[PDB]
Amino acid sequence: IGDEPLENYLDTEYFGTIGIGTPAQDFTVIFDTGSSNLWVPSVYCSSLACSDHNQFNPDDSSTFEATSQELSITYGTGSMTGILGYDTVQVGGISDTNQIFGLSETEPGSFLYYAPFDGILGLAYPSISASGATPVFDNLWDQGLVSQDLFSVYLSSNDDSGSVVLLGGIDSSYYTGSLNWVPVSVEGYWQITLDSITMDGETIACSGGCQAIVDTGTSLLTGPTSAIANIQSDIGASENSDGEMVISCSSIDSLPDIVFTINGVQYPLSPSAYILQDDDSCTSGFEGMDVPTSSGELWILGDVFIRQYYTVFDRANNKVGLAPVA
């Protein structure tokens, strides 16, 4: 069982350190359950974002193996192109030998330039991995480096330390009650069916159900634009002249919970969860973002949600487990 500590950066980004190569070259990466590739910047990249982050240098590792397979990934925000290579990846105390990963060659645009972290470590299914690159957790399982085919995630609140990804285990001290298991509706993302979103026992979005993903790599709780506007209206949020969904810090205390029903079970978020506070600057924890799929538009249950619920991602089962944080 491997234990990867995560830094909680401003309750907005959670990343941990990994080593790549021999000897290990270190990188910070988002542990991202909404994607499946591992990549880091490399010395082959001249983009601005590569210039202000740690760069992998294959010529300094005795265990690197080149490939000629190319890689291209577009995220919600940010994108990269690169080349795949193999090396040993030290993650959560495990030596992940023979791990295929991306060496960036372009990282265009500005979001990544300002980001504290170097790269991304995807924890989703191989079906959404670009160039069909074996994801890290799949490689760990395939090599028998974890005995149970599952991992769990605790994300801390209030910028505290203690966030972790537990590779190959579940630690019950992080949660109250027993885990509620939710079947994966579509295997690619960790995608599940949301049954309803309610406030004061009135349904306010996702009438008749809707698809959602559990995504540690997304800060906010996102959903279709029109539905989110309604929610924002419902919690009394309004965009300021600077493009920021502002809310009076007094509402944290007046407002009711917003309840997510998942596999027939209620998962409330109190105002203190769905409203972000920073010394009398309070923004909405909801953000409108349209994510079209075959099935339907996706909701994203990001860090706003995950901070409240210890999450188990079970590949043996194809289930997500949830329970309220301790």
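What we label the rigid core is the largest C-alpha set whose atoms superpose within 1.5 Å from one form to the other. Numbering starts at 1 and follows the sequence shown.
Asker: Please tell me which region, 288-296 or 58-66, has C-alphas lying farther from the displayed form on average in 4 other deposited structures of this protein, with superposition done on the core.
Answerer: Higher root mean square deviation of C-alphas in 4 other deposited structures of this protein is shown by 288-296.
Asker: When the core is superposed, where do the C-alphas shift more in 4 other deposited structures of this protein: in 242-250 or in 204-212?
Answerer: Most displaced of the pair in 4 other deposited structures of this protein: 242-250.
Asker: How about residue 279: is it missing in a third or more of the other compared entries?
Answerer: It is, since residue 279 is left out of at least a third of the other entries that model both flanking stretches.
Asker: Mean CA B-factor: is it higher for 266-274 or for 28-36?
Answerer: The stretch with the larger mean CA B-factor is 266-274.
Asker: Looking at the entry, does 230-238 or 213-221 show the higher mean C-alpha B-factor?
Answerer: Mean CA B-factor is higher for 230-238.
Asker: By the CA temperature factor listed in this entry, which of these ranks top: 92, 116, 119, 208?
Answerer: Max CA B-factor in the entry, restricted to 92, 116, 119, 208: 208.
Asker: Would you mind finding, among 130, 247, 179, 155, the residue with the largest C-alpha temperature factor in the entry?
Answerer: Of 130, 247, 179, 155, 247 has the highest C-alpha B-factor.
Asker: Can you tell me whether residue 326 has a C-alpha B-factor in the lowest, middle or highest third compared with the other modelled residues of the same chain?
Answerer: It falls in the top third of the chain.
Asker: Determine, from the deposited record, the chain-internal third of the Cα B-factor for residue 286: lowest, middle or highest.
Answerer: Top third by C-alpha B-factor.
Asker: When the deposited Cα B-factors of this chain's modelled residues are ordered and cut into thirds, is residue 42 in the lowest, the middle or the highest one?
Answerer: Answer is lowest: the recorded C-alpha B-factor places it there.
Asker: Which third, lowest, middle or highest, does the CA B-factor of residue 301 fall in along this chain?
Answerer: Its C-alpha B-factor belongs to the lowest third of this chain's values.
Asker: Please place residue 111 in the lowest, middle or highest third of its chain according to the CA B-factor in the PDB entry.
Answerer: Highest third, going by the recorded CA B-factors of the chain.
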